[PDB]
Every structure is written in C-alpha cells, then in structure tokens.
Amino acid sequence: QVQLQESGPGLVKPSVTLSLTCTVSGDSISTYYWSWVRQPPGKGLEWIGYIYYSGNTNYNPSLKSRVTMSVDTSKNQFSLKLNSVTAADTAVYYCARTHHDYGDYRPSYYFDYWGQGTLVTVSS
Amino acid sequence: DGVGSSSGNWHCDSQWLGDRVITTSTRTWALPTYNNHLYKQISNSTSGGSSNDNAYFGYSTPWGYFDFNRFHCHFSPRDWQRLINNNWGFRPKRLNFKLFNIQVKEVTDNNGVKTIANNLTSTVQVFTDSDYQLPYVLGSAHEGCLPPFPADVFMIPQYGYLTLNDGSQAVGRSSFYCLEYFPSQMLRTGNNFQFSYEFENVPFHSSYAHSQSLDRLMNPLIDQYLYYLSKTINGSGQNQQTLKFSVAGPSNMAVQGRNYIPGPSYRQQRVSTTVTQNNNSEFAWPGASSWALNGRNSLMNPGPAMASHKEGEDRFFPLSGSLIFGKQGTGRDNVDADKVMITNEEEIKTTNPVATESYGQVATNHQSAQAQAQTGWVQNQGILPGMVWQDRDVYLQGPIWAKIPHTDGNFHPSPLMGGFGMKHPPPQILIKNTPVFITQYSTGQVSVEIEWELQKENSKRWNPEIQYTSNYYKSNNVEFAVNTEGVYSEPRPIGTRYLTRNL
Amino acid sequence: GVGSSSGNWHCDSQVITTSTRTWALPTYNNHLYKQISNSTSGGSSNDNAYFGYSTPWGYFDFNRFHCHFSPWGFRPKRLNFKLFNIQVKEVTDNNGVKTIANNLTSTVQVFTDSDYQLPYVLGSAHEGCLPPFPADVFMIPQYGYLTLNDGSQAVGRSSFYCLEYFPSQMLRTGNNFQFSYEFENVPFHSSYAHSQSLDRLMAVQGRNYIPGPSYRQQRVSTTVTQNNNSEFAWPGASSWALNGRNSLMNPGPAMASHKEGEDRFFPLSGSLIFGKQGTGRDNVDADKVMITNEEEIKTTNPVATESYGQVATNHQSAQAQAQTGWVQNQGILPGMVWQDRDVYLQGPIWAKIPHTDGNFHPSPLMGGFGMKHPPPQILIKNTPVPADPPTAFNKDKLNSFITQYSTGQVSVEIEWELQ
Amino acid sequence: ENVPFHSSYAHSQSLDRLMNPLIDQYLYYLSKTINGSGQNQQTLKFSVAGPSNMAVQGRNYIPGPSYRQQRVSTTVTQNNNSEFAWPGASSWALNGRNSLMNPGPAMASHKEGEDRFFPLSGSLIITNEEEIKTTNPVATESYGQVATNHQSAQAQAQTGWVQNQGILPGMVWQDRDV
Amino acid sequence: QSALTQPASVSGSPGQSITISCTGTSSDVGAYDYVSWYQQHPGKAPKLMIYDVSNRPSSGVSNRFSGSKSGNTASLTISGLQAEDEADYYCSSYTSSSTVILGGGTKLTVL
C-alpha cells in the first residue's frame, strides 16, 4: 500500500528554480529508486530522472544540466529542483516509484507506483 | 551379462532424511573419438601465442572425462530452495557412481548419406584416478558438466593437461603422462561400471548471513571502562598542546576497543552498472588487480572473499572480484551486461571489508613539534592476528569442490571460487573408445549419487527470515523450466545465504 | 523458605578462586523492549550510526580479573555460579517519603544462554562488573543488543530477539539458582617476559624466524610540548573501514608500546588506558588515567610506532640507484613468531570468537582467552507485577505496574590451572 | 618430534597453468569497457574465459607470500656504480634495531630464463630457488598490482605495485630447499 | 537519448484484437528486453501494464493485454476490446546510456 503525494507551487515566474517534494506514505523509501516524470498538457510523458536512497542519482541527459534531486529518509520523502524554469517547464509532475530488487545488478527502468500529480505553471 | 539385458535403471530423485540429503542424478552421455586416437602436443604457438601471459605448453589426449562438479548437476531448483531456506550449512559425505547401458555405434559415410549401426563387440575404456597421479583439471571451473535438466543429452568433454613451459617451449623438468599406462576397465555393451567414494572431512559451508556486524558487537547501553584520546589541543593559538581522554561509550562507537577486526583485503577497481558513471577509457586489463608469477601476470579472479559493494551501492561490482555466469544461449565474445549474470557477495559485509575500498589507514611518520601526523591508505592487507572473515558463497550454477595443490604449506585452503577444498577430492573418471580406423562412437547412461550432511538452525529470532522464493508473476514462461522450444534455462544465479545468525 | 538462608557467603582463594557480592536489580525500561538507534539518541554521524534494542533484562558480568582476585602461565578450567538470598522489594512513593516493604510472593526470572543464541555482549569491556573490593554493592547493568543497520534504520536482515521466549527459572525469596560450566581448552596465557631478543638469538646474520606482524600507530609524547600544535586525535589515527564506516584500530595487533630508551611515548590508539578512581567521563588529563605499556613484548614484536622495516621498490641497474621504502603494515609471513597482549588485574578475561568461516590466532586483541563457547550470558529480570487492572475488560496490555526492585547475593567460583 | 616430510620434488605444473587447455570455462570476465575511438563511449562487454586468454581465468588458489628484495647481477657492469650493499637491503626493525632480512621468506631467486640474477640478501651463499618458481613469487619482483582509487568519469583507473604481501586465504607456497 | 516512435492513433471496434507498435534504435528496444507499457486515462496517473517485454503486474492488469518484441519494434496487443480500454498508451525502454526513454504515446479509440 505505497501512496505517493507531492506538493508544490501552482504558478512560478520564469528564471526561478522550481522545488517539489513527494512524500511516500504507507511504506518507506526503502531500497527502491524514485523517479520524477513530467507531462506537458496534451503531450507525451518525459522521464526527468530518479534518485536512490543512498543519494546515487541518474538524470535525463536533456535536462541533466539544470536538475538536482534529493532524498530525505528520515522524513520519508524525496524532492526535485529545477533551474531556470521557462515556458517549456509547465507540466503535470508525477513522482513515481521505480522498481528495484536490492542486490542484483539489474537496471531499474519501470514505474510500478505513481503519485496523483501536481500542475506547475511557468508564467509572468 | 548379455546384449539384450539392461545393465541398469534410471534414478533421478532426492531423499531428505534427518540431517542428510541423498541426491541421485542420471544422464545420457555421448563420447566421440577424440584426436583420432592420438596424443597431440599443444602450445600457444599452435594458436600463434599472442602474449607472454597467455603462453602455455601441454598435451591433448583422446580420453574424455565426466564432470559432475557443479551443484545444478545434483540439485533441482526446488531441492536447492528446500536446502538453502531450511539450513545453516551442508557438506558432501559419500559418492556412488555408475556407468551402464553402454552402446557403441560405428558410422559409415558414403557420399552424402551416412549409416549408423551397432558395433556389438566394441569396448569402452573407463578408469578412475584414485592415486591422484594425473593432473587434476576438475577444479578449474571448466564447462562440460552434466546438464542441469535431466532430459538433456550431453557430450563428454576432452581431457588435456598443461605442464611447465617457457614461452611456448617445453623445459627439461616438464612431464608427459600416458593414459594407457594406467590399469583400466574395458566394457562391452553388456558390462557396467561403478565405484564408491568417501568425501574427506570438510567444514560445513556457511549458508547464512550474519545478523550483526563486526564493529557493532558491543552492548549499546553501557560505557566501556577504556579511555581514548579526545583532544590534543586546548584551543586556537600557540603552545596549546594537551592530552585529554574521554571514555568510549555508546555516543562515540567508532573509538571503542574491539577484540576482533575484519578479514584481509586486496583492493579491486569498481565498475558501475550505470555505464555513464564509468570512465571513458579502456581499463579492463590495465586497471585490473593482478598477481605476477614467474614473470607472467595473472588477473586476480575472483580473489579473496570481500563484499562486492558498500551498502546502498548495488550498482558497483569489483572488476574481477565476482563470479559472472552466462544466461542460456549467451554468446562467447563481448556480450552485453544483460547477457550475463553477475553474482553479488554483499552478505559478507558484516565481517569482510568492501572489495573496492581500502582496508584502512596507518600512520606514516613520527609527529613532532615541526611535523604533523601523516596517514597512508592500506590498499592490501594480509592476515593479522584477530581477523575473522567469511568465505565466498556457493551457487546452484557454481562449482562444488576443488583440489588443494599439494604443497609445503597453504592457508585456509578453501577454494577462492567457492565450495569445499579437498586434498583428496572425488577422483577423475577417464573414458575413451578403444580404437579399432573405423569411425565409431559410444553412448550410455551415468548415475551419480551424493549423500549430503545438513546443519539445521535452532535460531531464536522472533521476526521472519528472508527466504528464497519465486515471485507470483504473470509471464509467458515459468522460471527454471523449458520454453516452447524445449530449451531449459536458469534465469538467475542462486546463492546459499538467506537464513541468519548472530555473530 | 522465608525464614531461612538459601546460600552461605563464600569469599576465599585457594588454584581455586571464589567471589561473592551483593547486588541490586532495578526494573529497566518499565518492563519493555524499546528500539534504539543513534537517532533515538540524537542522530550522531555515519561512523556512530547503530540500530538495536534495549531489553528489560539485566545480566551479570564477572569478566574482569579484579572480580576474582585480590592484589609463568594460567587459564580457567571450571566455572561455578550461584544466586541466592533473593529479596524482592516494593516501593510506594507517597508525598514526603517513599516507603519500601518486602514483597514476599514476587519472583525473579533467571536463565543462562547456553546455546549462544543471543547477541553476546560480554566481550566488549563494559562496566557493570562485580566490584573488585568484596564489600561493595553494585547495580546490575541493563542488557541490550545491536543489529544490522544502514544508518539509524534497519534492513530486512536485521533480527529482533525476545528474551521472554527462552525458558527461564522463576525464583521467590526462598529459591536459589546454580549452574556449572566447563571452560573449553585454551592455551595458557603467558605471564612472563622474554630474556632474549629475536635478533640476538649482527645486523646481517641469517636468522630462521622474524618478528611478528604490525599495523603502524602514530606516536604521542606524554610531554605535551613535544607533541605537534594541531588536533590529531582522530584525524591522525589508524583505522579500519567496514561496510563504509571507519572504526578506530584499538588497541590493535599486539605491538611494543615503545622502543627502548623512550618510555614517554605511547601509541595513540595502540594501548589500553584505564581510569583512576573517581575520574570523570570526558576530557580528563593524562594524570587522571592510567596508560599501560607493552614494552616487555619488544623482544619478539615490532614497535607500534616504528615501521616494520624496508623493501626494494625497484630494480637497480647501471642507470638506476637502489631504492627502498618503509613497510607501514606487515601481515603474517611464514616464520613469524609473536607474543600476545598481556592481561591486567583490571583487564578482561575472555572473549567470544565470532562464529565465522575463518579466523586467525583467535586470541582477542584486548587480551584474554578467545573462546567459541565462552561462559554463557546470565540474564535476569524482575517479573512484572501489575497494579490493579480495571473492573471492566479491556484488550490493551497493562501499562501500570507496582514499583519494585530486587536484591540478593552472587557467588562465582573459577578453578584455574597454573604452569 | 613429529614433523612433515621435507618436500624434495619440483612441481611439473605452475599455479597459473592448472586448467584444462581444451575446454572453455563457464565463467565470464569483463573484456571491454569502451566501444572505442570516440567521445562518450562506455559499455560493459564480457567474454567466456578461454584457453586463448589464460591470464584472465578465475582461479581457486593464488601464489605464496612475498617481501621484496634488491636484485643483484653477477656481471659487474650490469650493477649500479655505487656502494648499495647495506642501503639497498631489505630489513626488519626490532626494538629500534635494524636486522637484515636474511635469507627471508622463500621466494623464487629469479624469473625463468634469468640465471644471472640473485637477491641481495635472499639466498644462502650462491644457491638458487628456481624450483619453487611455479608456486612462489620471484624475490626480486612486485607481488602484483592493486587498484589505488575509485575510477569515475572524471578519474582514470589507477594501480600500484605490491612490494610485500602477507598471507591471504587461498595462498599456497613451497618452503626453501635444504 | 532519442525518443521511441509510436503511431499517433489507433482505433478498433469493441470485441476485436488491436495492436500498438513502438519502434526504437538498436540501443534501446533492440538491445534489451527492458520494455514496458503504460496506460493513461485523462486526468489520471499512468498505470503500468507490461514490464520485461511480456510480463504483466500481479494485480490490476487483465490477461487481455499482451506485450511482444521483434527486432527494433515492440508491440502491445489488446484483445476483446472494451470501453474502459480506450486510453493513452506509452512505450518505454531502458537505453544503452543507462537512462529511461518513453514513446510519444498513441491514443486508442473504441467504436
């Protein structure tokens, strides 16, 4: 019974970094990867990147220069930071758990749980 | 006893009685004639001998040999589960081997067609080396074993051996062994072969993971009566030297005194499974850990037993520090990481230093008024008094035993790929078709029966263990079973360490 | 019964030593098992991170030599242990004064772990020992244990033990408890100093054996001026990393405290340091503590602050001058011979060899007798007595107990073999 | 008193040559780390351990313990033109005193095909221990190389030479001949 | 890396099997068996349907969905079409550069 919940701003001015947190409830961050996926309205899904409980992170190459993620295991939540948000950044941001079996060397590519999603608007 | 009288039956089962398990496997084998009945010198320079490190000299023999030295020969995946979930340890006891239903087929090739008919008077030669006089090749983890799945027919591998060399050249002290110089037992189609073997006493392999770590063994509620040095200065300024001593207690656990320290380390380079985190250069060979012998460099593989990675870092594995199996149908050369199965030895973190980390630090000088204290890193550490360590894990795909080299001295003879080291392991069993040349080959049945001894757990742990389990999954195929084409596969490497113990 | 004695005081040494003390056992954690971590303690740091449990149980620890002794070789043979004259006292704290009265019916639970199924905390050199002077009344220390942790958190391999789940013996004020224990065979600890040195058995002569292993310690002068003006307690200290946490190397492999002539130096973490009577907990000067020295083993063992020696770092040639380098740590070589660490009046007696695939020279590094089956842990608690429960039924566990504690006597008789 | 037989034989096989030449190992090793000749090339490639590349094969046992020694040539010209008899020697210090490591841990006197060289303090005087070369490491050589760092996209992988090596589980060795 | 390619829309009459394909390079779909499919309804989060090319999650996915892969192309087959079936579908794969890439998605309409 993992339940993801994320919170953040509705509206954000341009050239301002965007911060978003996601709280895992009913289960812990544990040994799983934790990903951020954004969907612009009427557009396809895009994988921003994920973070692991030990802080190891991987990001989308296109967004890699300006994206920072952080996990906090005590508060049982993880967050996302985006730099220089513009018009393109407006999206629904989902925080989805990415399946990973601890201890085997198997890439973790797919999302078996999802957050409700948050709508972020970049506008002046 | 005759041509039309079966000389043996088919046994394929496992019996669990008390503390012992008796597994019996039976397979169908096929023995070609090798080297056209000849003994041919072989060397690197017959292959071109590209490198000094790869230089070898030896001989290839017409004889084949039976290799049951992997666990999937003797254990179904259900038997292996029933074992590793329920037991703290196991070890072989007795071995009973049988060869029977010998069938020799003579082949006649004329134009495109070929005829295969029985050759009734033909013989097969089979003997065991029970004095260990032949070079023992079964502890090198070569292919050519009995198939995991009982319905497969396997080809008997060819025997060969290596002796002293320089470059590709032999030397005066090199040996040559004729395998006809051995009394052996010849079999026609009605004869059969058997012998029994007794495993020499070895320790139980530890099929468990420690529930405690070597540095945490203390009572967390109580101070030690030992003191440690907390401060060498009073504050900021000239001439502040002092000696202060705090007592070691629960708040500062890194400074408490301990009776035992982690086992030895020989550092490995770590490779990430996320390739972009790895360096953009060719470091497979140049960055490897190696040991030089007689001027030749050999990779250290897998090496001493050490945790594959530091906790929270599954992605990294030591370059040569692990055992890497193939998936069913994997290629021989330059396969991708999804084509192989990399074992993980993380269960030994509790007492073994991480393989890709330094052992620790030491002082490099004498501090004094003018000189600051200086520390180096220990990249490799050999045995020190008060070390404890775990041996490497064993796998369903992995080897069972190895032969301890006959030598003046050795330390902790356990083989570095895992399993049970023995000065008198199960003997080699050599087999060939007696020459007549007429094209000829044989086939038949082999049964191998091993008694195993079990060490049960009495554990008082309240919460449930980790067990090995199949997931409840919806898949096109079921794991550890044939596909729609009849090809058996072993999806993942299964280790022995699930149950836990106190340290 | 109530009006009789279950045991007689015995305090004599014959070699057979006997000790007897008076103890007082409180109730720990209000009769509960509580999960502890560095975080419950304020969160600490990475080297200090731990996860475990604290139990209501206490335990007896006689593991120091001054418990059994008043002021060549020896080793324990047999152990005899008795517990008697148990008194369970109750406390009613009412306004100005607390009232203490005998609760005659109450029980005390005791069991030994003789299958070694609990985490074994006795070999960690903790306080809580029987006091060295026979007339002192000591408090019995609380039992707790540590498990696997990734941090302040727990992994799925972390285990939880309940001590109520062992069979134990219940003792009222008339009942007593005894068990006997045989020590396993251990070598005689060598209570002597060599008269000869390994090298003088002359620098260039050939020799059959070599000095033992080393892990070099930093050197500290007891004259403060001769030490460097910087903070090097931890930053300059020898350590070993395990699963990504650095633990100080303490005391380490047995090594000579110092070279002949300089006795003002001590290895940083290489020695056992003890406190003087009444010494504070934190930041006490060099006079408040006692710094041991292992000078006597300097015959077979290298100096802890000295390098082990030199090696060749290259191939000399007509173009190349020979180069050497200092060996800061040396593992075992065939042909080494060494001496183990000395035991002290104040020091530990035995330790538990961890259950592992392999060990080398299992003798514990702080001194004493390394054992697979050491003297078992002896666990004790006051049986909880509930105060009056409600008169309508409720499913919750009972959170209200009578304030209560117990006292009694402890005798421990160890036979010793001499050389 | 009860003692083992002195071994008076020479092994006909070497520690790194124990395997069967004809048959491929079922184990895999990491043969290639980059696609090559380009920017941002990173890949993991594995190959079956083989007869062709015996150096990378997994092994149950490893060579015996070594302490490095200086190498001396009988020919005067090959040796350095200086007095390095004591300064270049390998020694162990006990109680503030340096004692020469004579003879020292058993090690091969020289590599195969190198009759001229002898360890500075290594052998009894000039005997040779070429017989134990198959199991024991040469006394004038590094034991091997270890990794000295964590590689990364920023940092190349490094190694260092092991001049002395203490006992490791899995080591085997021969002792010095009488 | 570059995105997986899918047809913009597909439609099928109720009760008839339909297939959606996604094409990728030899580095993503072609090299690995790491392909997953997600089904998304408007105003809701995507739901995992296929993982590991043909595997389905233990609960919440009917047996009417099946994944498959050939060469550089992966495919999602829905049979016995229902009204609930119409949704947006996404291909997703694990690439050679250790990153996750998805398809553009295809909208499926049931008549």
# chains A, B, ... in the order shown; residues from 1 in each chain; ligands from 1
>>> interface_residues(of="chain C", to="chain A", cutoff="9 Å", atoms="only C-alpha atoms", output="MDAnalysis selection string")
chainID C and resid 152:153 155
>>> interface_residues(of="chain D", to="chain B", cutoff="6 Å", atoms="only C-alpha atoms", output="JSON list (two decimals) with C-alpha atoms, in the first residue's frame")
[["chain", "number", "residue", "atom", "x", "y", "z"],
["D", 12, "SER", "CA", 55.69, -30.19, -13.03],
["D", 13, "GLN", "CA", 52.88, -27.65, -13.29],
["D", 19, "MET", "CA", 43.40, -25.62, -16.09],
["D", 20, "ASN", "CA", 42.47, -27.96, -18.94],
["D", 24, "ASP", "CA", 36.30, -23.26, -22.09],
["D", 25, "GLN", "CA", 35.44, -22.03, -18.57],
["D", 26, "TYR", "CA", 31.77, -21.28, -17.84],
["D", 27, "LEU", "CA", 32.75, -18.06, -16.04],
["D", 28, "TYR", "CA", 32.84, -14.65, -17.72],
["D", 31, "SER", "CA", 36.91, -7.92, -21.55],
["D", 32, "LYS", "CA", 35.95, -4.48, -22.89],
["D", 33, "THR", "CA", 34.99, -1.23, -21.15],
["D", 34, "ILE", "CA", 34.53, 1.18, -24.09],
["D", 41, "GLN", "CA", 31.83, 5.57, -25.27],
["D", 42, "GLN", "CA", 31.12, 3.41, -22.27],
["D", 43, "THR", "CA", 29.96, -0.16, -22.35],
["D", 44, "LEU", "CA", 30.25, -3.42, -20.48],
["D", 45, "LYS", "CA", 31.36, -6.42, -22.51],
["D", 46, "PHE", "CA", 32.01, -9.89, -21.18],
["D", 47, "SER", "CA", 33.71, -12.89, -22.73],
["D", 48, "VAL", "CA", 33.93, -16.55, -21.86],
["D", 53, "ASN", "CA", 43.38, -15.87, -22.79],
["D", 54, "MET", "CA", 44.54, -17.87, -19.77],
["D", 55, "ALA", "CA", 45.63, -14.77, -17.85],
["D", 56, "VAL", "CA", 42.05, -13.73, -17.09],
["D", 58, "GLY", "CA", 39.30, -17.46, -12.50],
["D", 60, "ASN", "CA", 40.91, -21.32, -6.87],
["D", 111, "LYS", "CA", 62.49, -15.39, -13.20],
["D", 133, "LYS", "CA", 59.02, -20.54, -9.04],
["D", 137, "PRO", "CA", 56.68, -15.45, -6.44],
["D", 143, "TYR", "CA", 53.81, -9.44, -5.91],
["D", 144, "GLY", "CA", 51.25, -7.83, -8.21],
["D", 145, "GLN", "CA", 49.15, -4.71, -8.60],
["D", 146, "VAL", "CA", 46.15, -3.44, -6.67],
["D", 147, "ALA", "CA", 43.70, -0.71, -7.52],
["D", 152, "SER", "CA", 34.85, 7.63, -12.49],
["D", 153, "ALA", "CA", 34.00, 9.75, -15.50],
["D", 157, "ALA", "CA", 41.64, 3.95, -13.03],
["D", 166, "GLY", "CA", 51.22, -11.13, 3.83],
["D", 167, "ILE", "CA", 49.22, -14.34, 3.97],
["D", 168, "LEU", "CA", 45.84, -14.48, 2.22],
["D", 169, "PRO", "CA", 43.32, -17.32, 2.33],
["D", 170, "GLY", "CA", 43.92, -19.29, -0.83],
["D", 171, "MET", "CA", 47.70, -18.86, -0.88],
["D", 172, "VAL", "CA", 49.94, -21.88, -1.32],
["D", 173, "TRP", "CA", 53.72, -21.96, -1.20],
["D", 174, "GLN", "CA", 56.84, -24.09, -1.13]]
>>> residues_around(residues="range 82-96 of chain A", least_positions_apart="4", cutoff="6 Å", atoms="only C-alpha atoms", output="PyMOL selection string")
chain A and resi 14-18+35-40+66-67+111+113-115+117-122
>>> atom_distance(atom1="CA of residue 288 in chain C", atom2="CA of residue 66 in chain C")
19.8 Å
>>> select_by_dssp(residues="chain E", states="strand (DSSP E)", output="PyMOL selection string")
chain E and resi 9-12+18-23+35-40+47-50+65-70+73-78+88-94+100-102+106-110
>>> interface_residues(of="chain E", to="chain D", cutoff="12 Å", atoms="only C-alpha atoms", output="PDB file with C-alpha atoms, in the first residue's frame")
ATOM      1  CA  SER E  27      20.387   0.680 -28.455  1.00  0.00           C
ATOM      2  CA  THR E  95      18.552   2.680 -23.252  1.00  0.00           C
ATOM      3  CA  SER E  96      22.251   1.946 -23.820  1.00  0.00           C
ATOM      4  CA  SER E  97      23.278   5.094 -21.921  1.00  0.00           C
ATOM      5  CA  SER E  98      21.584   3.872 -18.705  1.00  0.00           C
TER       6      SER E  98
END
>>> interface_residues(of="chain A", to="chain E", cutoff="9 Å", atoms="only C-alpha atoms", output="count of residues only")
24
>>> closest_atom_pairs(of="chain C", to="chain D", cutoff="10 Å", atoms="only C-alpha atoms", output="Markdown table")
| residue | atom | partner | partner_atom | distance |
| --- | --- | --- | --- | --- |
| C:197 | CA | D:94 | CA | 8.6 |
| C:198 | CA | D:94 | CA | 8.1 |
| C:199 | CA | D:99 | CA | 6.9 |
| C:200 | CA | D:99 | CA | 9.6 |
| C:202 | CA | D:99 | CA | 7.5 |
| C:203 | CA | D:99 | CA | 4.4 |
| C:204 | CA | D:100 | CA | 4.9 |
| C:205 | CA | D:102 | CA | 6.6 |
| C:206 | CA | D:102 | CA | 4.4 |
| C:207 | CA | D:102 | CA | 6.1 |
| C:208 | CA | D:103 | CA | 8.0 |
| C:209 | CA | D:104 | CA | 8.4 |
| C:210 | CA | D:92 | CA | 7.8 |
| C:211 | CA | D:94 | CA | 7.2 |
| C:212 | CA | D:94 | CA | 9.7 |
| C:213 | CA | D:166 | CA | 8.9 |
| C:256 | CA | D:95 | CA | 8.0 |
| C:258 | CA | D:95 | CA | 8.0 |
| C:259 | CA | D:95 | CA | 5.2 |
| C:260 | CA | D:95 | CA | 6.4 |
| C:261 | CA | D:96 | CA | 9.5 |
| C:295 | CA | D:95 | CA | 9.3 |
| C:297 | CA | D:95 | CA | 9.5 |
| C:298 | CA | D:95 | CA | 5.7 |
| C:299 | CA | D:95 | CA | 6.9 |
| C:300 | CA | D:94 | CA | 7.6 |
| C:301 | CA | D:94 | CA | 6.9 |
| C:302 | CA | D:94 | CA | 5.2 |
| C:303 | CA | D:95 | CA | 6.3 |
| C:306 | CA | D:96 | CA | 7.9 |
| C:307 | CA | D:93 | CA | 7.3 |
| C:308 | CA | D:93 | CA | 5.7 |
| C:309 | CA | D:92 | CA | 4.2 |
| C:310 | CA | D:90 | CA | 5.0 |
| C:311 | CA | D:90 | CA | 4.7 |
| C:312 | CA | D:69 | CA | 5.0 |
| C:313 | CA | D:163 | CA | 6.7 |
| C:314 | CA | D:70 | CA | 7.5 |
| C:315 | CA | D:71 | CA | 6.1 |
| C:316 | CA | D:80 | CA | 6.5 |
| C:317 | CA | D:80 | CA | 5.1 |
| C:318 | CA | D:80 | CA | 4.2 |
| C:319 | CA | D:80 | CA | 6.7 |
| C:320 | CA | D:80 | CA | 6.5 |
| C:321 | CA | D:80 | CA | 6.2 |
| C:322 | CA | D:88 | CA | 5.4 |
| C:323 | CA | D:88 | CA | 6.1 |
| C:324 | CA | D:88 | CA | 6.1 |
| C:325 | CA | D:163 | CA | 9.0 |
| C:326 | CA | D:90 | CA | 9.7 |
| C:327 | CA | D:164 | CA | 8.0 |
| C:329 | CA | D:164 | CA | 9.5 |
| C:330 | CA | D:166 | CA | 6.4 |
| C:331 | CA | D:166 | CA | 4.3 |
| C:332 | CA | D:166 | CA | 5.0 |
| C:333 | CA | D:166 | CA | 5.6 |
| C:334 | CA | D:105 | CA | 6.9 |
| C:335 | CA | D:105 | CA | 7.7 |
| C:336 | CA | D:105 | CA | 9.8 |
| C:358 | CA | D:169 | CA | 9.1 |
>>> decode(residues="range 272-305 of chain C", atoms="N, CA and C atoms", output="JSON list (two decimals), in the first residue's frame")
[["chain", "number", "residue", "atom", "x", "y", "z"],
["C", 272, "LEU", "N", 45.95, 0.04, 25.98],
["C", 272, "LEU", "CA", 44.82, 0.10, 26.89],
["C", 272, "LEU", "C", 45.03, 1.19, 27.92],
["C", 273, "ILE", "N", 44.03, 2.06, 28.06],
["C", 273, "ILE", "CA", 44.06, 3.15, 29.01],
["C", 273, "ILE", "C", 42.93, 2.92, 30.00],
["C", 274, "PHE", "N", 43.23, 3.02, 31.29],
["C", 274, "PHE", "CA", 42.23, 2.83, 32.33],
["C", 274, "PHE", "C", 42.04, 4.11, 33.11],
["C", 275, "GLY", "N", 40.88, 4.22, 33.75],
["C", 275, "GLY", "CA", 40.60, 5.35, 34.61],
["C", 275, "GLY", "C", 40.99, 5.11, 36.05],
["C", 276, "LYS", "N", 41.38, 6.19, 36.72],
["C", 276, "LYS", "CA", 41.60, 6.19, 38.16],
["C", 276, "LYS", "C", 40.28, 6.38, 38.89],
["C", 277, "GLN", "N", 40.25, 5.94, 40.14],
["C", 277, "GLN", "CA", 39.04, 6.05, 40.95],
["C", 277, "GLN", "C", 38.55, 7.49, 40.97],
["C", 278, "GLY", "N", 37.29, 7.68, 40.60],
["C", 278, "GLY", "CA", 36.70, 9.00, 40.59],
["C", 278, "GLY", "C", 36.99, 9.84, 39.38],
["C", 279, "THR", "N", 37.59, 9.27, 38.34],
["C", 279, "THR", "CA", 37.89, 10.03, 37.14],
["C", 279, "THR", "C", 36.62, 10.32, 36.36],
["C", 280, "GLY", "N", 36.51, 11.54, 35.87],
["C", 280, "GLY", "CA", 35.32, 11.95, 35.15],
["C", 280, "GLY", "C", 35.15, 11.21, 33.85],
["C", 281, "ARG", "N", 34.05, 11.52, 33.18],
["C", 281, "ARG", "CA", 33.72, 10.86, 31.93],
["C", 281, "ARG", "C", 34.43, 11.47, 30.73],
["C", 282, "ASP", "N", 34.62, 12.78, 30.69],
["C", 282, "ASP", "CA", 35.06, 13.46, 29.48],
["C", 282, "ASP", "C", 36.28, 14.32, 29.74],
["C", 283, "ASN", "N", 37.25, 14.27, 28.83],
["C", 283, "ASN", "CA", 38.30, 15.28, 28.70],
["C", 283, "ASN", "C", 39.12, 15.41, 29.98],
["C", 284, "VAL", "N", 39.63, 14.28, 30.45],
["C", 284, "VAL", "CA", 40.40, 14.22, 31.68],
["C", 284, "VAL", "C", 41.88, 14.18, 31.32],
["C", 285, "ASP", "N", 42.70, 14.79, 32.17],
["C", 285, "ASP", "CA", 44.11, 14.93, 31.83],
["C", 285, "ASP", "C", 44.84, 13.60, 31.93],
["C", 286, "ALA", "N", 46.11, 13.61, 31.53],
["C", 286, "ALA", "CA", 46.88, 12.37, 31.46],
["C", 286, "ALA", "C", 47.12, 11.79, 32.84],
["C", 287, "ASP", "N", 47.06, 12.61, 33.89],
["C", 287, "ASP", "CA", 47.22, 12.11, 35.24],
["C", 287, "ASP", "C", 45.99, 11.37, 35.74],
["C", 288, "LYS", "N", 44.79, 11.73, 35.29],
["C", 288, "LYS", "CA", 43.57, 11.09, 35.75],
["C", 288, "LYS", "C", 43.41, 9.66, 35.25],
["C", 289, "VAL", "N", 44.20, 9.25, 34.26],
["C", 289, "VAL", "CA", 44.05, 7.94, 33.65],
["C", 289, "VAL", "C", 45.38, 7.20, 33.76],
["C", 290, "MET", "N", 45.32, 5.89, 33.53],
["C", 290, "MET", "CA", 46.50, 5.04, 33.58],
["C", 290, "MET", "C", 46.74, 4.46, 32.20],
["C", 291, "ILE", "N", 47.91, 4.74, 31.64],
["C", 291, "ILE", "CA", 48.26, 4.33, 30.29],
["C", 291, "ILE", "C", 49.19, 3.14, 30.39],
["C", 292, "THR", "N", 48.72, 1.98, 29.95],
["C", 292, "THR", "CA", 49.51, 0.76, 30.00],
["C", 292, "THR", "C", 50.61, 0.79, 28.95],
["C", 293, "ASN", "N", 51.61, -0.07, 29.14],
["C", 293, "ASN", "CA", 52.68, -0.21, 28.16],
["C", 293, "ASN", "C", 52.97, -1.69, 27.92],
["C", 294, "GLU", "N", 53.25, -2.01, 26.66],
["C", 294, "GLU", "CA", 53.58, -3.37, 26.28],
["C", 294, "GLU", "C", 55.06, -3.39, 25.91],
["C", 295, "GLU", "N", 55.90, -2.82, 26.75],
["C", 295, "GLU", "CA", 57.33, -2.80, 26.49],
["C", 295, "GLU", "C", 57.95, -4.21, 26.47],
["C", 296, "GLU", "N", 57.48, -5.06, 27.37],
["C", 296, "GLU", "CA", 58.00, -6.42, 27.52],
["C", 296, "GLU", "C", 57.97, -7.30, 26.27],
["C", 297, "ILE", "N", 57.06, -7.03, 25.34],
["C", 297, "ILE", "CA", 56.96, -7.88, 24.16],
["C", 297, "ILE", "C", 57.88, -7.37, 23.06],
["C", 298, "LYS", "N", 58.67, -6.33, 23.36],
["C", 298, "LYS", "CA", 59.55, -5.76, 22.34],
["C", 298, "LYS", "C", 60.62, -6.73, 21.88],
["C", 299, "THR", "N", 60.76, -7.88, 22.53],
["C", 299, "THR", "CA", 61.71, -8.87, 22.06],
["C", 299, "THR", "C", 61.25, -9.51, 20.75],
["C", 300, "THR", "N", 60.04, -10.08, 20.72],
["C", 300, "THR", "CA", 59.52, -10.68, 19.50],
["C", 300, "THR", "C", 58.63, -9.75, 18.69],
["C", 301, "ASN", "N", 58.22, -8.62, 19.22],
["C", 301, "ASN", "CA", 57.23, -7.88, 18.47],
["C", 301, "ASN", "C", 57.75, -6.50, 18.09],
["C", 302, "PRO", "N", 57.38, -6.01, 16.91],
["C", 302, "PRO", "CA", 57.88, -4.71, 16.47],
["C", 302, "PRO", "C", 57.28, -3.59, 17.27],
["C", 303, "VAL", "N", 57.91, -2.43, 17.19],
["C", 303, "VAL", "CA", 57.41, -1.25, 17.88],
["C", 303, "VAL", "C", 56.19, -0.72, 17.13],
["C", 304, "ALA", "N", 55.16, -0.35, 17.89],
["C", 304, "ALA", "CA", 53.89, 0.02, 17.28],
["C", 304, "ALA", "C", 53.99, 1.34, 16.55],
["C", 305, "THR", "N", 54.92, 2.20, 16.95],
["C", 305, "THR", "CA", 55.07, 3.47, 16.25],
["C", 305, "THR", "C", 56.17, 3.42, 15.20]]
